[PDB]
Every structure is written in C-alpha cells, then in structure tokens.
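Form deposited in one PDB entry, single chain, as structure tokens, below.
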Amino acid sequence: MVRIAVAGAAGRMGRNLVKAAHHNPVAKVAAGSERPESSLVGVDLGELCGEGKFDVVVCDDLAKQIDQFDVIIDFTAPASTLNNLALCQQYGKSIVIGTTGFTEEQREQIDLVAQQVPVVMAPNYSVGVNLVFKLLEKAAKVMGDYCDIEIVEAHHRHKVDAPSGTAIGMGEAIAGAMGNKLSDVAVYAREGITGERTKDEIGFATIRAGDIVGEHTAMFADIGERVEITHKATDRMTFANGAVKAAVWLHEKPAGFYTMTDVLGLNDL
C-alpha cells in the first residue's frame, strides 16, 4: 500500500493532493513539505487541508522523513522538484512530477535520472487532457502539413509561467506526430510588425485572468475551415486525483520515464 509524500503541501495543488491521497483508499498520506522559511512547518497535514488530524506534520525537508514514504508527489517549483528527484535517486524512492516551467536543460536532466528512478511526469493529470493529446496527434497527421497550427491557453492570475506546461505538451504532441521538434517551430510571442506568418510555425497565445483553473485550445486552420480541440478544467481535484492515481500506479514499477498516457493505458488510441 502506497505511502505518499506531498511536496509543498500548503500550495493550491498541495492541499488538494493531501485531501485526494487521504480519500483514496489505496493511498496513505505519510509526509508533507514546505519551504524552510514557511510558517506552516510543524502544522498537522489534516488541519492544513481542513480534515481532522492525521498525526503527520509538515516538514521543511523530505530527507528527514525518508522512512515514512514510497512516492513523492511534487507540484512545487522547478529547483525544489530537482532536489526531490535527487533525493529519490539517492534513497530509492519514486516521484510523480506535476511542476511546470522547467527549462529544456532541466528536462534533459529529469530524463536522465528517470533512467534510474521511477518517474511519472506529465504537464496535466486529467483524463481529458491526455485524451486531447492523442486527438491532436491524429489531427496533426491529417491536417498539420497544410494548415496553420495555433495553441491558446488561459489560466488564473497566480500562474507564474507562460505558456503553460500543458500548452507545451500539446505543441510537442503535434510536432512529434509530424516528425518535428517543437522548439524548431514554436513562436511564443508576437509584438509590433511580425510579418506574414510562416507556414510551419506553431503560435502560442496566453491569457492570465481571474480564477480560471485552465483552458486550452489547439486550432488547425485551413483556407475555408478550421478545427478546434478544447479542454476546460473546472476543479483542481481533477488534477489531484489523477496524480494520486499515478502514484498508486507508479508504486508497482521499475525505473523509467512515464507519462499519464502510460498510467491511463492511452498509448494505442
């Protein structure tokens, strides 16, 4: 039975994760962390998510609680996540990564450690998004070669990274299905005189507003018609339940880099 450590347990996602893990009857909330400076250190995890007392308190370092957990679920910040990844390599732990805003260099590192450590990494833990990735592949094979491809996303006012990890995942799925690398084609900004659109570019547009949990649209546009595939997230618990499910799934596995497509058995769709 999976013992879970929630990194950054006081965060928007972290609180939902504690709750999701608590109510998943195949998982146990065994540990949680916060920034060393943070005041919420020493607080009961249950009191933090507003559901009684679990007898587990928030720590400033997961290395101190190594004997309590099997898997870390990490929706924090990239530097922090990399530390946890290092911790996993050293102590034989596993990790589910939700954090976004990694540089290309950092993702290379994650891939490397993933050869020794069991890792789930996805930019989105919802079923709908992972379905959408497969749908994008198919749309890209049929329409990609002669159509303009644009990705639009909206998120709440607190999101620190643009474009979102999910939007990038969408671009990668598309580019990958067309035998391309996203970074060869992506355009992340348009200001002033940009000239005519290039044929191959994948454009990204970003909206930051209110409490929007997450909207994503991929557009394939021809002269005379267009196809738009959209996902809208209503509740963070969707992501949280999905990540706890990935952790439960990951507990049974060897080293490797896994996606939610692997967890959900969506690879052949």
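Each form is matched to the other, and the largest set of C-alpha atoms that superpose within 1.5 Å is called the rigid core. So that there is no doubt, residue numbering starts at 1 and follows the sequence shown.
Omitted from view is the form deposited in another entry, to which the following refers.
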query	finding
Residue among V26, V41, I207, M237 whose Cα moves 2 Å or more between this form and the one not shown, once the rigid core is superposed	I207
Rigid core superposition, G165 Cα moves 2 angstroms or more between this form and the one not shown	yes
Core superposition between this form and the one not shown, C-alpha change of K181 at least 2 Å	yes
Core-superposed comparison between this form and the one not shown, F75 Cα displacement 2 Å or beyond	no
